[PDB]
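1. got the complex split up, this is the first portion:
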Amino acid sequence: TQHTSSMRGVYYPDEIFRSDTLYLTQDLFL
């Protein structure tokens, strides 16, 4: 079968505390 992966599989990009921001990054994402 096939299904869809709706907004799954996002991970923390790096090891830095951030709060109340919007952060734009480029990596390998699903």
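-> Here it is on my side, so go on. Numbers count the residues shown, from 1 in each chain, chains lettered A, B, ... in the order given.
2. centroid residue for chain A?
-> Closest to where the C-alpha atoms of chain A average out (Cα atoms, centre = their mean) is residue A:10, at 3.2 Å.
3. Quick check, that residue in contact with residue A:29.
-> Yes. Applying Cβ atoms under 8 Å as the test, residue A:10 and residue A:29 come out as touching, 6.8 Å apart. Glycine gets a C-beta too; all of them are placed from N, C-alpha and C.
4. Now do the shared contacts for those two.
-> The contact sets of residue A:10 and residue A:29 do not overlap (Cβ atoms under 8 Å, 6 or more residues apart in numbering).
5. that older thread, and the residue nearest to the centre of chain A, how far from residue A:25?
-> Spatial separation of residue A:10 from residue A:25 under the definition Cβ to Cβ, to the nearest Å is 11 Å.
6. same deal with residue A:16?
-> Taking Cβ to Cβ as the measure, residue A:16 and residue A:25 are separated by 11 Å.
7. next one: residue A:13
-> Counting by Cβ to Cβ, the gap between residue A:13 and residue A:25 amounts to 5 Å.
8. while you're at it, add chain B from this line:
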Amino acid sequence: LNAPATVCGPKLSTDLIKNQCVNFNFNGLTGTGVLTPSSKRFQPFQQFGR
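-> Okay, chain B now, added to the rest:
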């Protein structure tokens, strides 16, 4: 420094001087400023904030 530091060179360590303009050095991360207690919740893989 994407994690806790373990391989550090031979330098001595002093005490904290809070609420005062000092020169700090935390694992090679230098600077100048004041240090106060904070209310941020670091998850146990984060060393510093941005």
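9. hmm, back to that, just the element for the residue nearest to the centre of chain A, please.
-> In this structure, residue A:10 is located outside every helix and strand according to DSSP states H and E.
10. tell me the contacts of it?
-> Neighbouring residues of residue A:10 by Cβ atoms under 8 Å, 6 or more residues apart in numbering or on different chains: A:29-30.
11. And for residue A:19?
-> Remark: with contacts taken as Cβ under 8 Å, 6+ apart, residue A:19 is in contact with B:40, B:49.
12. can you rerun that using 7 Å?
-> Shown in contact with residue A:19 (Cβ atoms under 7 Å, 6 or more residues apart in numbering or on different chains): residue B:40.
13. which SSE is it in?
-> When elements are assigned from DSSP H and E, residue A:19 belongs to no helix and no strand.
14. Likewise for residue B:15?
-> With DSSP H and E as criterion, residue B:15 is part of no helix or strand.
15. what ranges do the strands span in the chain?
-> This is for chain A. A:16-17 (DSSP state E).
16. I was thinking of chain B, sorry if that wasn't clear
-> With DSSP E as the criterion, chain B has strands spanning B:25-26, B:29-30, B:48-49.
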